[PDB]
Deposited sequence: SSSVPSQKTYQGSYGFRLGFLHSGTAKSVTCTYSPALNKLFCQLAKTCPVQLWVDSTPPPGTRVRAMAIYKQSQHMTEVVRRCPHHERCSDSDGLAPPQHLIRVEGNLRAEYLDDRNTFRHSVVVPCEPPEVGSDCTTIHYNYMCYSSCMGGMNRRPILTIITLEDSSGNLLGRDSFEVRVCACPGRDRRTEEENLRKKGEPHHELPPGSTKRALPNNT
């Protein structure tokens, strides 16, 4: 099977938002609207905003999952490479095999799907004075990792779910985990032009 990647705002007007971090060679995470693609360094904080037009019910959750972007690879489970899955960089909560972690949320749950074997991380659902909520993700392998992503592009799919896991909303973005996100974004954006 292959998870749907179709954008779906749903009843609550769910969609993502990204900061404007620029493309300085020092930057650790940067998002390209033109490419709908996030470029980030290994294991660095990736702030992703969650926007809604109205507040979803108590018990609503937000799940993240990675899939390969190319159709010929889409049935393969995205996982950490043979090196990184064994490097004992556990935060005590994320399984060592999971590519995507949520940073600084003790209520994060990590799922190994019993049927598809795919990995995901899910958190429960702004503060006073704020207009959106932000989740902080980490990507724990480089796009280039041999025996893992192996230079294949991935997408992250973010789904808004009810307490049963039923779909309420969906958005997605491509991700490249690389040493120099600023330069790579600049390069790919120029290539697109």
**Coordinate gaps, deposited numbering** = 1 to 2, 128 to 129, 198 to 219
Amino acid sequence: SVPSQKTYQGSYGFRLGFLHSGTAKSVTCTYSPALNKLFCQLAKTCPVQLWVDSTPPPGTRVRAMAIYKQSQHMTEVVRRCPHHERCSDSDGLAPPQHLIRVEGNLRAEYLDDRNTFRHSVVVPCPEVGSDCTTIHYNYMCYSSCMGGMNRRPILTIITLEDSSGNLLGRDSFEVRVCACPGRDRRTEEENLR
From here on, numbers count along this sequence of modelled residues.
**Asked** Mean CA B-factor: is it higher for 106 to 114 or for 86 to 94?
**Response** 86 to 94
**Message:** Highest mean C-alpha temperature factor of the two stretches 129 to 137 and 48 to 56, which is it?
**Reply:** 129 to 137
**Asked** Say you rank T156, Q70, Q41, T159 by Cα B-factor from the PDB entry; which sits at the top?
**Response** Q70
**Asked** Per the entry, which of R15, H20, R176, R183 tops the list for Cα B factor?
**Response** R183
**Message:** Ranking the modelled residues of this chain by C-alpha B-factor as given in the entry, is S143 in the lowest, middle or highest third?
**Reply:** lowest
**Request:** Tell me, lowest, middle or highest third: where does the Cα B factor of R152 rank within its chain?
**Result:** middle
**Asked** According to the PDB entry, is the CA B factor of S26 in the bottom, middle or top third of its chain, that is, lowest, middle or highest?
**Response** highest
